[PDB]
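Take a look at this single chain in structure tokens; it is the form deposited in one PDB entry.
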């Protein structure tokens, strides 16, 4: 019973806003219409009461048919899933039908938003169905068994990064996917005198010694208003990188944080494809980003990936064209400085904190190449000179600022203020996707 297409669409749509494309084609899916918090959205849920939900010819039809609506009406499209993959009896006709939907999504990839919202079953093509989409909000009772196990969002929030969002309950998946279509579509404009009310000294949320770890998620809370955002995609994945979407003086912004709590904020292969996909997202949807840099470097020692698996994040920033402001609070080193929306990748503006050092090796201590033939093997007795124990008399801002690659130094009380100011001064832009 509760797996009813209309009962469900009725749960996502604000009640009396619903329409209906295809017949009550009791085939597997229902493709209704209507708005989300006001803004119109083509959708499609699947009937999990009618033959497993396994996607068939007839059922796929309205699905694809619904694409070319939302695609023609440049309105967003959403899919509350619940399918045991393809209908084994239909032969290939279904396989074909299962496969036209894929390409139905792929054509929308960045033209309209494509939230998927999986409530339960999700296998085979329906396991790849929402892969192609843009944001996967998994329902706490949704599983994934496509063997050609165990099931759950708890396994994808971590490990696989497959599921973008775990929901408090299936009903929240309706409530969650409903804001992502608002943020993707009611980003609105900026507001100069609205962050002014919330100019917290953000440097307060920073450790004492630039050596003592912390968690950047709390810092984030400050830059974003109080309502009520994050809405950060798989926190449990790429733990040294906390990406996430959200509003700022009304206007919606992508946020990519380098969380030093885990791995010391250090980037890596698995840490890139989080960002690397998250940037081109807010890029291909005209959403400003913010970069909160505090990363030492990048790495057991899997070279099995890295170089390629880290090139793409540069490619994410270097090809991106949305308004994007960077800021460094402490760290920013080497080929990782470069990789964090720096000027060499065409940043909008780049900001920094009082002790926001910027070097290719660090500073305490990063001299063991310059001072190579000295600070060496006389005793190891008293390593307080040392090398170990330049730094303060360089690195910070001006050491990179007169060079221009950093644009300013700022009072963190009005950290929020600055970005918003810097972000409001670029033009709206949006790109494509592929080659």
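Whichever C-alpha set is largest while still superposing within 1.5 Å between the two forms counts as the rigid core. Positions refer to the first chain, counted from 1.
In the deposited entry, the stretch joining residue 299 to residue 300 is interrupted by 1 to 3 residues of the deposited sequence lacking coordinates. The stretch with the higher mean CA B factor, choosing between 7 to 15 and 423 to 431, is 7 to 15. In this entry, 168 to 176 shows the higher mean Cα temperature factor of the pair 168 to 176 and 271 to 279.
When the Cα B-factors of 239, 318, 79, 288 are read from the PDB record, 239 comes out highest. Per the PDB record, 121 has a higher Cα B-factor than any other of 303, 111, 230, 121. In this PDB entry, the Cα temperature factor of residue 330 sits in the middle third of its chain's modelled residues. Per-chain ranking of the deposited C-alpha B factor places residue 70 in the middle third. Remark: residue 103 belongs to the lowest third of its chain, ranked by C-alpha B-factor as recorded. Residue-level temperature factors show residue 27 in the lowest third of its chain, judged at the C-alpha atom.
Residue-level temperature factors show residue 215 in the lowest third of its chain, judged at the C-alpha atom.
One more form of this protein should be noted, the form deposited in another entry, which is absent from this view; the next part is about it.
Taking 2 Å as the criterion, residue 379 counts as shifted between the shown form and the other one: its C-alpha moves by at least this amount when the rigid core is aligned.
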